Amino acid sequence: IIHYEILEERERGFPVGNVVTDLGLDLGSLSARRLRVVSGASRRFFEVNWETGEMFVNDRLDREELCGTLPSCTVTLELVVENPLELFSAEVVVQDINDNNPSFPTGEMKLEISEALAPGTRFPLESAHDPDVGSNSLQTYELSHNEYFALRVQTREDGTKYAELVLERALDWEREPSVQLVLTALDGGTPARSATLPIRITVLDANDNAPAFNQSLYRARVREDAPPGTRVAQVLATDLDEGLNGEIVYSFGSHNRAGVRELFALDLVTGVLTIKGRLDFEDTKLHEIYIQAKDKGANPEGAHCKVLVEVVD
């Protein structure tokens, strides 16, 4: 058994070794002994030169195709001569070169993340793969500079690596509903090869804002003979959240006396306060009506205002 080692991906014609020098054959006899490479059903990776005795690269030796992520890659063959018939075995170690970049399986990663997630939350990212071996395989990841996430690179027990985002500062949908990052995967080649993966973070609104009335106090004057349906006031609150979280419902507050709901009506959607019953100047000249605004989100915080309805003779 003769042993050679070459880099993968050598050009056709690249010299591997010499049968005169290594197998002790006589150069003048090669044609007569019909020296040949035996390849079997495998590819004709190697051929021999009768004029020089040199064995050489005759087809593409791609270590990734041949041996995947095996730490070592060996191609075997035989040489046969006749007169007399002899078979010689040789093995060629095919050494890795850094001819591949890392790559991510997708062109981008999209994430949806609630602004309500506490710092400390971790999010594993899409892994990169590099088909080379040893130092030429994936080494680490880097993350673009940003205001929210730190990067941790974790090594699994089988030696493979993935990146994790670690939320360091809370997201804020009101301030920045979209965050763009770039994850770079690097191999450990010299020079290093890399790939990038854009990460598109969509921040999801949470109900972290209470309604707020445009004013705390509304004042109205209404003739005591005003008929049912008479518009008294329209209150208005706004909410910074989106959707249900920002959608406001008006109601009578708990800070009201019995009677308010029979004397007044309130549109829960429009905040319009109307006369429902009959006012009476001599009975009550001033009504104090507390109104609450709540959103349709989780854990709604109430906003409150007061409407002072002055009854006019």
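All residue numbers are counted from 1 along the displayed sequence.
Set 265-273 against 23-31 and average the Cα temperature factors; 23-31 ends up higher. Comparing the deposited coordinates for 43-51 and 240-248, the stretch with the larger average C-alpha B-factor is 240-248. Looking at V307, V311, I2, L7, the one whose CA carries the top B-factor in the deposited record is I2. Of all the options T155, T74, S114, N101, the entry's greatest CA B-factor is assigned to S114. Ranked within its chain, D295 lands in the middle third, by CA B factor from the PDB record. In this PDB entry, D132 carries a Cα temperature factor that places it within the lowest third of its chain's modelled residues.
Ranked against the other modelled residues of its chain, the C-alpha B-factor of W173 as given in the entry falls in the highest third. Placement of the Cα temperature factor of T121 within the chain: middle third of the modelled residues, per the deposited record. Annotation for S194: CA B-factor lies in the lowest third of the chain's modelled residues.
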